[PDB]
Amino acid sequence: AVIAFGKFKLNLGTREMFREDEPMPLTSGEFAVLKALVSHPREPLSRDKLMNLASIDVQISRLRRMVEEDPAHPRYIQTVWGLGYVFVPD
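Numbering-wise (my numbering), the sequence shown opens with residue 6 and increments by one.
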């Protein structure tokens, strides 16, 4: 699938991403977390659950710098303290 959210399109077959039809590369680890998040929409995944579905803090933070319009106040990939990281689509 090509999961689209906001300005971005994530191609799961070729493991590619596009910001407004411009190709942004993804690390093997960055994709494993991003695909894990967007494959469980509206479900918060704990830190242990994320690692199994693929340090992680760096990948979340480095993904927030690419995806979020305000990485200091994320909307797509936001953290619920006590549960885990959640991805909410449009």
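Just so it is clear, CB atoms sit at the ideal spot from N, CA and C, and this is done for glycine as well.
What first and last residue would you give for the beta strand (DSSP E) that runs through residue i?
| i | result |
| --- | --- |
| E21 | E21 to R24 |
Take residue i as the anchor and find which of the options has the nearest alpha-carbon.
| i | options | result |
| --- | --- | --- |
| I82 | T19, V38, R20 and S33 | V38 |
| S33 | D26, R20, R24 and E25 | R20 |
| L68 | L17, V7, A6 and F36 | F36 |
| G18 | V7, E27 and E25 | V7 |
| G87 | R24, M29 and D53 | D53 |
CB-CB under 8 Å to residue i, same chain, minus the five flanking residues each way: which ones, in chain order?
| i | result |
| --- | --- |
| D95 | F10 and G11 |
| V93 | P46, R47, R80, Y81 and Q83 |
Using a Cβ-Cβ cut-off of 6 Å (strictly less than) and excluding sequence neighbours within five positions of residue i, which residues of its own chain qualify?
| i | result |
| --- | --- |
| residue 106 | No answer is possible for residue 106: the residues shown for the chain start at 6 and end at 95. |
Whose C-beta lies closer than 7 Å to the C-beta of residue i among residues of the same chain, with five residues either side of it excluded?
| i | result |
| --- | --- |
| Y90 | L42, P49, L50, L55, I65, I82 and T84 |
Got a sec, what are the start and stop residues for the alpha helix (DSSP H) residue i sits in?
| i | result |
| --- | --- |
| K54 | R52 to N57 |
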